[PDB]
Each structure stands twice: as structure tokens, then as C-alpha cells.
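Cβ placement follows ideal geometry from the backbone for every residue including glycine, while neighbour counts extend to all protein chains displayed. Quick note: the coordinates plus some simple rules give every number you see, no bench work behind them.
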Amino acid sequence: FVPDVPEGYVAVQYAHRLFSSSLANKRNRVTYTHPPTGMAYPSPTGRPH
Amino acid sequence: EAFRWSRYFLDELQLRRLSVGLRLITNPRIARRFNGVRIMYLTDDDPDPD
């Protein structure tokens, strides 16, 4: 049984290009950028489906 | 006449300082014992006590 993926979720082909290492609120959160629309999301929690 | 009331059996003068203490006891700056906590779940980033 493989849990299928909901409606929201987007298809992102992983690659090294995405996960930069930037600064946000002191600390160097390892931001993920999300190709579709550049929007680095430092903290793991709250990325975008 | 001393007899009609009796303040509270407290010196006529100390009662006067006492006028101040209730004032001191109510002053915001000395309330530091807040009531309710709120539980939820955010990420402590840029912690501003307030």
C-alpha cells in the first residue's frame, strides 16, 4: 500500500541547485527555494506542499 | 468623639502612609505574576519576550 499524493502537492525534481544556505533571523537556516516561484523558506515548518 | 468611628484601631498617622501603599500595590510595574499561558506551536525565531 503506497500512500498516493493529494491534490495540492507539486512535482519538484530534486537537485543541488535548490537548497542554498542563507541567513534568516541570525542562524543559517538551510533555505529551500521552490522553483515554481522563488520563495526561500528557511525553517522546515511551513514550506509549501 | 474619639469614639464615633475608630478608623481601624490604627494610628491617625500610619493610616496616612497606608494611603500610599494601596497605590504602590496596584502600580502596573509591580504586577509581575501574569495569569494564563497560551499553548500552540511556533518556532522560536527572533525571541521578543513580549
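Residue by residue, here is whether (1) surrounded by 12 or more Cβ atoms within 10 Å (Cβ to Cβ); (2) under 21 Å from B:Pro47 (Cβ atoms) holds:
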residue	(1), (2)
A:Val2	no, no
A:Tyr14	no, no
A:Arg17	no, no
A:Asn25	yes, yes
A:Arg29	yes, yes
A:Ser43	yes, yes
A:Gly46	no, yes
Subset of segment B:12-50 [under 28 Å from A:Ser43 (Cα atoms), hydroxyl-bearing (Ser, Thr, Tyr) and surrounded by fewer than 10 Cβ atoms within 10 Å (Cβ to Cβ)]:
B:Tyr41
Go through (1) surrounded by 12 or more Cβ atoms within 10 Å (Cβ to Cβ); (2) not in a loop (DSSP other than H, G, I, E, B) and name the single condition A:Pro36 misses.
(1)
Anything in segment A:15-37 that is under 10 Å from the mean Cα position of the chain (by Cα) and not aliphatic (A, V, I, L, M)? List them, or say none.
A:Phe19, A:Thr31, A:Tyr32, A:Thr33, A:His34, A:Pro35
